[PDB]
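J.: below you'll find the sequence and an experimental structure to go with it.
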Amino acid sequence: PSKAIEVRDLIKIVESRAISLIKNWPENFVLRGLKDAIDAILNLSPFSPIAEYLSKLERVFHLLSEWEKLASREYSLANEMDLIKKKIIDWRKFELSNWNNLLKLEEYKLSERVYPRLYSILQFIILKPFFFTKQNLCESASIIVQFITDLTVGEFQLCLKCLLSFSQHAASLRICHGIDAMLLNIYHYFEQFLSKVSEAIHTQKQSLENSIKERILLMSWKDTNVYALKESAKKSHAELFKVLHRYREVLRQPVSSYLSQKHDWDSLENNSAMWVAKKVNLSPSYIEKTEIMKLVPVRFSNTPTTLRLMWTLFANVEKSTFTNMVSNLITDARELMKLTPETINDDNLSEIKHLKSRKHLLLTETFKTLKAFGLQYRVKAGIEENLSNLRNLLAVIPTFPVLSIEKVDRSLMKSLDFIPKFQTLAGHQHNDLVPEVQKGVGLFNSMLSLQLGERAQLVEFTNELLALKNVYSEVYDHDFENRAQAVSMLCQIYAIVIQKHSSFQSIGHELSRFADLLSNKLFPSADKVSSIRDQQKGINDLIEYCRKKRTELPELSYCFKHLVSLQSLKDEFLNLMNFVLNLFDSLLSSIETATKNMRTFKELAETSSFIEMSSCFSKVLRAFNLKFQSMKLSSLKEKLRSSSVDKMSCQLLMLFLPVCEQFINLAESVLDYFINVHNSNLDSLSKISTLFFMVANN
């Protein structure tokens, strides 16, 4: 790449030798021609066009072949023509090496033309928000219009990634409220099944790889024909142009053409225990062995039985069933599809009669029991919002802040991908034995409405659990390390200036070793307090050593640097115990709400037709952790401005964080059980809906 300057330098040296040889010899043929050829070389500073300097070197090679083989048998050396021939042979080798992979050029040209359109589109869409809910549905329709409008595979993955990237880049922008959740649902449903388009692009790239291996294996070792390698060159250029048209046709299979799918069949961490009671080693030393931190009875008084009870709260929370019924229904639907798998006349004698009887009975019973037992009929005002208004419906998927939740998100993405076609499959139940397919679109909209209500309830429960997690995880020089980090940047700059010498940098490098402590001056975010005091002692010792550095070395700009661096070197106890009892009461309210509603959705789940189990599940999603967090933030604002009585303060504060952690651990056991049941129910509902749509088709 940059060796073209060296090639021009060798051309200049050889042309200097030849001009010295021909400067006094009169032939009127070699001198001015070779001088003009080298000046055409010397003016040439083109790089990216590899054939530009190669064509300049080719004209110079023609003039030098003239100047060498024509005259000046005593003066011209003619070996430089062979050296330039070897150079052009290496240039052809580099051209063939560039011909080993060349799709990236027009691929980057296409991606450059693509992402600027998406850039201007999101620029309009966000300068709307830069310089509401109806506007959100309007932007949802506009986003669907753009997703249909920018139909370009390859840049389609770049487009879903750009949706995620714009949502991330605008996620810190406070000019919107729920657009992050909207773009989350948008990129999620956008990433429903795009791996099919990815494999299609992979197959197109593999076919183009075979065609290019053909077009480049046809580029063979010429290794001759200096005046006539242009035949093989033009052959490769024509093969490149034809394969460029061929790859344009191969990529011309659209993503709107690839916007289809199919549905034939589908398939679908109960309790986690983890005690952090020993995770402190001082509060565990207290568990291994103070009046101030143990002064009065707060009526809990028994930690070991409570840890066994938290283990039992992890254990007995195993008590999905709708997912079990939907899985049984999917197995029976596969059996009914295999029930008419026999021949034409032989099956329709007796057995396909019973098979079609079971099929039409499953269709009519699906309609009647969908009207009866949950996802009820005789309601279609929400199918206008959900089955219809699908842009505004995908906007209306209220996403949570974000494993099993991610599995449920992918399941909802592919399920909404199917439900858009299934709502579009309204009007085909006459073969299923007419308007019952539109009724099934409405019942799927109702079941998805129940699912989205449970999803917003999961968002609420996840917000309560994240507040509890921040409370349990809320456990001197905080933000005093800002000047430390600035000095660390200055220390890295000083190490770079030590590298910028042109004999003494090793002391700077040792000072860069001192900058390791400056690296330690960004590090930690008991004996860590001693580590912080040691970092401050090293800071003082280095401020001395910076004076020692710029004193011993001249280091004048560094002396001004160290000058600016050394410049920039710069009662409520029993009330809290009653507040601890009241925060235990508010946490007991949280736990009693979650646990009672979970027992109602667990043991008495049978007294439901997809409703009362779901009602107790949303009631457990209405766990009163925000009241727990209310009393906890009350005691937190209490202890925050409060004075430090070390006979009560630090280890018991760490333990109150860890008692909240153990409560959150049993909560996360029950929550992972519920999230597993919810993800399983959503996925088995999607699989049963795929089987029901297959029964509706046949």
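T.: Yep, it's here. Residues are numbered from 1 along each chain as shown.

J.: what helices or strands is the helix or strand harbouring residue 116 leaning on?
T.: Taking DSSP states H and E as the definition, residue 116 sits inside helix 103-130. If you count contacts as 3 or more CB pairs under 8 Å, 6 or more residues apart in numbering; DSSP states H and E, helix 103-130 packs onto helix 133-149, helix 155-169, helix 195-217, helix 230-251. Just so you know, the C-beta spots here come from the backbone N, C-alpha and C atoms, and that holds for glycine as well.

J.: which one, of the ones you listed, ends up nearest to residue 530?
T.: Counting by CB to CB, residue 530 lies closest to helix 155-169 out of these; the figure is 39.4 Å.

J.: what's in contact with that closest one?
T.: 110-111, 114-115, 118, 122, 126, 147, 150, 152, 179-180, 183-184, 186-187, 190-191, 194, 197-198, 255 (CB atoms under 8 Å, 6 or more residues apart in numbering).

J.: and the residues you listed, which of them are buried?
T.: 114, 118, 122, 126, 147, 150, 152, 179-180, 183-184, 186-187, 190-191, 194, 197, 255 (16 or more other CB atoms under 10 Å).

J.: TSV for the helices and strands packed on helix 103-130, including distance to residue 316?
T.: Listed next are those as TSV, based on distance: least, CB to CB, whole Å:
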stretch	distance to residue 316
helix 133-149	43
helix 155-169	40
helix 195-217	40
helix 230-251	58
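
J.: out of the ones you listed, which one sits most buried?
T.: The highest average neighbour count among those, using mean count of other CB atoms under 10 Å, belongs to helix 155-169 at a mean of 18.

J.: tell me how far that one lies from the chain's centre.
T.: The chain centre lies 9 Å from the centre of helix 155-169; the measure is CA atoms, centre = their mean, to the nearest Å.

J.: what's in contact with whatever helix or strand comes next after that helix?
T.: Next helix or strand after helix 155-169 toward the C-terminus (DSSP H and E): helix 179-190. With contacts defined as CB under 8 Å, 6+ apart, helix 179-190 is touched by 129, 136, 140, 143, 147, 159-160, 163-164, 166-167, 170-171, 394-395, 397-400, 402, 409-410, 412-413, 416-417.

J.: 7 Å - rerun?
T.: 136, 143, 160, 163-164, 167, 171, 394-395, 397-399, 409, 413, 416-417 (CB atoms under 7 Å, 6 or more residues apart in numbering).

J.: and for stretch 298-306?
T.: 577, 580, 581.

J.: tell me the contacts of residue 591?
T.: residue 663.

J.: which helix or strand contains it?
T.: Here residue 591 is assigned to helix 574-602, by DSSP H and E.

J.: in that helix, which residues are buried?
T.: For helix 574-602, by 16+ other CB under 10 Å, it's 576-577, 579-580, 583-584, 586-587, 589-591, 593-595, 597-602.

J.: check stretch 445-460 too.
T.: Per 16+ other CB under 10 Å, stretch 445-460 contains these buried residues: 445-452, 454-455, 457-460.

J.: stretch 18-37 too?
T.: Applying 16+ other CB under 10 Å to stretch 18-37 flags 18, 19, 21, 22, 30, 31, 33, 34, 35, 37 as buried.

J.: for it, how far is the first residue from the last?
T.: 12 Å (CA to CA, to the nearest Å).

J.: returning to what we had before: from the contacts of stretch 298-306, pick the one nearest residue 271.
T.: Once CB to CB is applied, the member of the contacts of stretch 298-306 that ends up nearest residue 271 is residue 580, at 28.6 Å.

J.: right, and residue 81 touches residue 65 too?
T.: Yes: using CB atoms under 7 Å, residue 81 is in contact with residue 65, at 5.3 Å.
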